**Student:** 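Just passing along the structure, written as structure tokens.
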Amino acid sequence: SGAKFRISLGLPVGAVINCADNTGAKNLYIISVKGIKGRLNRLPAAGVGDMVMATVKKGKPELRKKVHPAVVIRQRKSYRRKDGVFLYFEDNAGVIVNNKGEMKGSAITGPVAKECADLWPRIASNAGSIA
Amino acid sequence: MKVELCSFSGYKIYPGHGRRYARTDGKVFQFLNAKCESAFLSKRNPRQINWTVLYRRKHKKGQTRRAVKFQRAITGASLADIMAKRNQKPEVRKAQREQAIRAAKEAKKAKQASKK
Amino acid sequence: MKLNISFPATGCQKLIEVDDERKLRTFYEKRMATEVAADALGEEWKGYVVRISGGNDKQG
RNA sequence: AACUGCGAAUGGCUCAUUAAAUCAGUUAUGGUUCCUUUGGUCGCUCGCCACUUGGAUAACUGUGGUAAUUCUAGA
RNA sequence: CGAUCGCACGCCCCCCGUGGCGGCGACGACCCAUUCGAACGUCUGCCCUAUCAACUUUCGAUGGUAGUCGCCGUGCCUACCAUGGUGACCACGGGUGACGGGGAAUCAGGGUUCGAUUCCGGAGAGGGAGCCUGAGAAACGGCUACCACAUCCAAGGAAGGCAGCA
RNA sequence: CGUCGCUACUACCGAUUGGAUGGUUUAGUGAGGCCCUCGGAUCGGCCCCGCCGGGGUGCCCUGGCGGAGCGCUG
RNA sequence: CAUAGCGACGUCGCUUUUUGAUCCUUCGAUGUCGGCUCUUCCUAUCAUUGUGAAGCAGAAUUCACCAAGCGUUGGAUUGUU
RNA sequence: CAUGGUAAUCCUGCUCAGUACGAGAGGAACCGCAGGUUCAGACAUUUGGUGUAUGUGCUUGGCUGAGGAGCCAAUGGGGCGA
RNA sequence: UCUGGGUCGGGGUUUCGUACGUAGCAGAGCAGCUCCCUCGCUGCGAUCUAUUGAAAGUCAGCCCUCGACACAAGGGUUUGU
Ligand SMILES: [Mg+2]
Ligand SMILES: [Mg+2]
Ligand SMILES: [Mg+2]
Ligand SMILES: [Mg+2]
Ligand SMILES: [Mg+2]
Ligand SMILES: [Mg+2]
Ligand SMILES: [Mg+2]
Ligand SMILES: [Mg+2]
Ligand SMILES: [Mg+2]
Ligand SMILES: [Mg+2]
Ligand SMILES: [Mg+2]
Ligand SMILES: [Mg+2]
Ligand SMILES: [Mg+2]
Ligand SMILES: [Mg+2]
Ligand SMILES: [Mg+2]
Ligand SMILES: [Mg+2]
Ligand SMILES: [Mg+2]
Ligand SMILES: [Mg+2]
């Protein structure tokens, strides 16, 4: 099996990230992170491989005024990968999925973090490359 | 003892050092420190920075004939056979060229006589 | 790692499987068409210098 | 079987684009190119292999890599 | 300014006797002409729209000079100059449920509609763009890159183009 | 004949700095191909000329390993 | 099927996180709402530990006991509680 | 060591197991494994932050006749930085 | 003490990025000098190249010196079962 190790989160609630699928959504506005118990005044933050609730701000009007489950695939904050490498990406990105984990879209633009790849096998198959 | 990486500067990166960059187009770079990384991020050419490996090789800082022929036996003739054929130099080949001349001439003359 | 050792003056190439990285680090970080003395393979390969001519990746 | 030469720029399909554009008739290229066919021309030149020169590569023998492809490497 | 490949096979012999000579081809060629063409030009000709009247001219718009480039002639492009060029005889702009023509339907005459469709010309190969080879391609049952769809994978990669016949 | 009341249908205006799809473009970034100036990982020729060598007679015709000329070049 | 879970007509209490009632202290003045910050305490326990009951088959839930060790969040609107 | 303080917390995934239970739909648990949340105590090997080492380049205006070397602008500004 | 700890110097490490000067038939060019030369030479000129991964800093809370220099058995105040 193997569970995900802790990584630097970097993406709190209120962050707007790119939408890397082809659903017609251009960005995702993160409103919460799944599995976050929280603390007083602490913003729920998400890293790569984290499932979030997000609303698209620009894109198809049929997706706009709704809440979508999403999974972060790229992040601009450097995170240590248990073997020294501090990887970070050119931009924050995520894709729209459902609660089961199936991706609403059918393709992913750009790389996908290895943490997100082996946590969501549905996302990894659609991924063009893994970084 | 892991993979050994090379930077924007071309220096050797040991495990547990530097950072790794993954662009959106799918290319992955690795840097030794923030000096080499920030030079890369400012679209700066490594061939114009005097401490970079790429510069030193461009400006050349600090920086025969072999031929062997062998004889192999081929399918049908051993090396001993081909040695004997090529070692018929002392008038053995001369005997072959003169016996060819007289035999071909006597066959040519007899062929003219065969017709009438 | 497998090695495709071939003798030009006699033919008779053969494939040898090895797993000791100490014997292959004398080959590591070497370009093609370079000759490295392959005396690090056991005891029978003494007096031999061998030239790297090619190879394949993990994916072929 | 492979190297070489030739074809694969024709045919077939469709009508999206395109309103002096395409296209039709007319005229020009004395402002250009043209495989192939066809017919000319190929002793018009004063200049130690020529009774025939050099090296490599296919196919083939053999050792393979990859999960994979009409992928290919080394000898 | 032939180091190429077949077919029958022969003549001269004095210098002799081992050479020189020979026909039918095929292939090959720099150039010329022809043929198939191709490419760009000349004149006349196109549907609706003014709830499109002034457009073009920075970044070429019109012309001149000198070039660059192309297979060639030309603002095709560059530099230096001149301020030109088109329009109520409808420019320019917009639409088209517009590929053009030979043609089709109706039929006194004149006309009114239809021509995606087997012949000719053009264009296009999911949308753009850029090239290799070749005489001829900006080729797509060739390649390269991006975009969009989509394929197999051991997730390290690899492979796409039915507006061809089904 | 018109107002008002009921029922259908059709358009109009209308906050929403509304929405969507084409087309032509300024500016910024910019893959890739082509050209040019370099570059030179490699593969070769000549100068071999450390040697055994030699023939018209050390004055080499050279029959090969190998040194490598550490150069002139494709 | 009164009492797994509820509890009508009635009736007995507890609490001082409501609001009243009163005016004992303070009028030579005890700075008067909320929020933020921070500590501690209570239990009448939402969750977690150990349990009992069901109209508890499993899952989920409901009732009750020991129990306050630990936790009880991020936001739109509103000065707000 | 008298005495005082005192501290750890909860969740998820794999397996158990599509198992027990159930007509079916559905659907656990104990042991074990891998990890997280909140909290606590540290720490600087690495990544990041700072940076007046006023360390070293770049640069504006002015000033020392010019070069060199520097300085002034309340840290002149900016890059990298032990 | 079989010395000591300092101060300089050196080495290492590291930071930045290739110093001044000289040289060049490098350099957009421009201004002068032609019995001259047969294509030449004299200045100004940012920048480039070689010298030169050079120059500069580096414990003050970096590491190792055993190179040089001087200094270190000195001072004061108290303390008794
Ligand atoms: Mg708050
Ligand atoms: Mg149309
Ligand atoms: Mg037609
Ligand atoms: Mg046609
Ligand atoms: Mg075409
Ligand atoms: Mg051809
Ligand atoms: Mg094409
Ligand atoms: Mg009173
Ligand atoms: Mg009273
Ligand atoms: Mg007071
Ligand atoms: Mg008070
Ligand atoms: Mg209680
Ligand atoms: Mg105690
Ligand atoms: Mg200044
Ligand atoms: Mg100065
Ligand atoms: Mg002053
Ligand atoms: Mg900084
Ligand atoms: Mg020192």
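Numbers restart at 1 for each chain; the letters A, B, ... are given by sequence-line order, proteins then strands. Atoms considered below: every heavy atom in the structure, side chains included; atoms not considered: hydrogens, waters and symmetry mates.
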**Student:** Take atom P in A29(H) and the same atom in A17(H), then report the distance between them in whole Å.
**Tutor:** 12 Å
**Student:** Students often get this wrong, so: under 4.0 angstrom with heavy atoms, is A34(B) touching a base, only sugar-phosphate, or nothing?
**Tutor:** sugar-phosphate
**Student:** Phosphate oxygens OP1/OP2 of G65(D): is one of them under 4.0 Å from a side-chain N or O of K2(C)?
**Tutor:** yes
**Student:** Counting only side-chain nitrogens and oxygens, does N50(B) get under 4.0 Å of the OP1 or OP2 atom of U18(I)?
**Tutor:** yes
**Student:** Is any side-chain N or O of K61(B) closer than 4.0 Å to OP1 or OP2 of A50(I)?
**Tutor:** yes
**Student:** Answer yes or no for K23(C) and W45(C): cation-pi contact, defined as NZ/CZ to six-membered ring centre under 6.0 Å and angle to ring axis within 45°.
**Tutor:** no
**Student:** With positive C1'-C2'-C3'-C4' meaning north and negative meaning south, how does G17(I) come out?
**Tutor:** south
**Student:** Work out the sugar pucker of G31(D) as north or south, treating a positive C1'-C2'-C3'-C4' as north.
**Tutor:** south
**Student:** Is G41(E) base-paired to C24(E), counting Watson-Crick or G-U wobble with both distances below 3.5 Å?
**Tutor:** no
**Student:** Counting only heavy atoms from other residues, nucleotides and ligands, does the tally under 6.0 Å from NZ of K30(C) exceed 12?
**Tutor:** yes
**Student:** Counting distance alone, no hydrogens or angles: does the base of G35(H) have a donor or acceptor under 3.5 Å from a partner atom on the side chain of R6(A)?
**Tutor:** no
**Student:** North or south for the sugar of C44(D)? Use the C1'-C2'-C3'-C4' sign convention, positive meaning north.
**Tutor:** south
**Student:** Is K114(A) touching bases, backbone alone, or none of the nucleic acid, heavy atoms closer than 4.0 Å?
**Tutor:** nothing
**Student:** To the nearest Å, how far apart are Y79(A) OH and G48(H) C1'?
**Tutor:** 16 Å
**Student:** Between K35(B) and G79(H), does any side-chain N or O lie under 4.0 Å from OP1 or OP2?
**Tutor:** no
**Student:** Can you tell me how far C1' of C80(H) sits from CH2 of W51(B), to the nearest Å?
**Tutor:** 9 Å
**Student:** In whole angstrom, what separates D118(A)'s CG from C14(H)'s P?
**Tutor:** 15 Å
**Student:** Using Watson-Crick (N1 to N3, and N6-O4 or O6-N4) or G-U wobble (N1-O2, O6-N3) distances under 3.5 Å, do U133(E) and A108(E) pair?
**Tutor:** no
**Student:** So, north or south for the sugar of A53(G), given that a negative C1'-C2'-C3'-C4' angle means south?
**Tutor:** north
**Student:** Would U12(H) and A34(H) pass as a Watson-Crick or G-U wobble pair if both distances have to be under 3.5 angstrom?
**Tutor:** yes
**Student:** Would you call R81(A)-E115(A) a salt bridge at under 4.0 Å N-O?
**Tutor:** yes
**Student:** Which value, in whole Å, describes the distance between the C1' atoms of nucleotides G2(E) and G17(E)?
**Tutor:** 33 Å
**Student:** Could you check if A73(I) and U79(I) make a Watson-Crick or G-U wobble pair, where both distances must be under 3.5 Å?
**Tutor:** no
**Student:** Under a 3.5 Å rule for both distances, is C63(H) the Watson-Crick or G-U wobble partner of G70(H)?
**Tutor:** yes
**Student:** Could you tell me whether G67(E) and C77(E) make a Watson-Crick or G-U wobble pair, using a cut-off of under 3.5 Å for both distances?
**Tutor:** yes
**Student:** Just checking: do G2(E) and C27(E) form a pair, Watson-Crick or wobble, with both of the defining distances under 3.5 Å?
**Tutor:** yes
**Student:** Base, sugar-phosphate, or nothing for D25(B), non-hydrogen atoms under 4.0 angstrom?
**Tutor:** nothing
**Student:** At 4.0 Å (heavy atoms only), tell me whether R31(C) reaches a base, stays on the sugar-phosphate, or touches nothing.
**Tutor:** sugar-phosphate
**Student:** Nearest heavy atom decides the nucleotide; on that basis, is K82(A) or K77(A) closer to the 5' end of RNA chain H?
**Tutor:** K82(A)
**Student:** NA contact type, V33(A), heavy-atom cut-off 4.0 Å: base, sugar-phosphate, or nothing?
**Tutor:** nothing
**Student:** Is there a Watson-Crick or G-U wobble pair formed by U25(G) and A76(G), both distances less than 3.5 Å?
**Tutor:** no
**Student:** So what does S53(C) hit on the nucleic acid, given a heavy-atom distance under 4.0 Å: a base, only sugar-phosphate, or nothing?
**Tutor:** sugar-phosphate
**Student:** Side-chain N or O of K58(C) less than 4.0 angstrom from OP1 or OP2 on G156(E)?
**Tutor:** no
**Student:** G74(G) base to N41(A) side chain: any donor-acceptor pair below 3.5 Å?
**Tutor:** no
**Student:** Compare side-chain N and O positions of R42(A) against OP1 and OP2 of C39(H) and report whether any pair is under 4.0 Å apart.
**Tutor:** yes
**Student:** Taking the purine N1 to pyrimidine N3 distance and the second Watson-Crick contact, or the two G-U wobble contacts, each under 3.5 Å, tell whether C44(I) pairs with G29(I).
**Tutor:** yes
**Student:** Report the pucker family of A138(E) (north if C1'-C2'-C3'-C4' is positive, south if negative).
**Tutor:** south
**Student:** Respond yes when some side-chain nitrogen or oxygen of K69(B) is under 4.0 Å from OP1 or OP2 of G55(D), and no when none is.
**Tutor:** no
**Student:** Hey, does the side chain of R39(A) come within less than 4.0 Å of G74(G)'s phosphate (OP1/OP2), counting only N and O?
**Tutor:** no
**Student:** Please work out if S8(A) contacts a base, only the sugar-phosphate, or nothing of the nucleic acid, heavy-atom cut-off 4.0 Å.
**Tutor:** nothing
**Student:** Looking for any heavy atom pair under 4.0 Å, which part of the strands does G10(B) touch: base, sugar-phosphate only, or nothing?
**Tutor:** nothing
**Student:** Work out how far the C1' atom of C58(H) is from that of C59(I), and round it to whole angstrom.
**Tutor:** 28 Å
**Student:** May I ask you to decide if the ring planes of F40(B) and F8(B) are parallel, tilted or perpendicular, using 30° and 60° as cut-offs?
**Tutor:** perpendicular
**Student:** Is a donor-acceptor contact shorter than 3.5 angstrom present between the side chain of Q13(C) and the base of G62(D)?
**Tutor:** yes
**Student:** Mind checking whether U48(G) and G69(G) form a Watson-Crick or G-U wobble pair, both distances under 3.5 Å?
**Tutor:** yes
**Student:** Tell me whether the OP1 or OP2 atom of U72(D) has a side-chain N or O from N56(C) closer than 4.0 Å.
**Tutor:** no
**Student:** Have a look at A33(C) and say if it touches a base, only the backbone sugar-phosphate, or nothing, with a 4.0 Å heavy-atom cut-off.
**Tutor:** sugar-phosphate
**Student:** Looking across every strand, which nucleic acid part, if any, lies under 4.0 Å from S106(A) by heavy atom: base, sugar-phosphate, or nothing?
**Tutor:** sugar-phosphate
**Student:** Checking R19(B) against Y88(A): charged group under 6.0 Å from the ring centre and within 45 degrees of the axis?
**Tutor:** yes
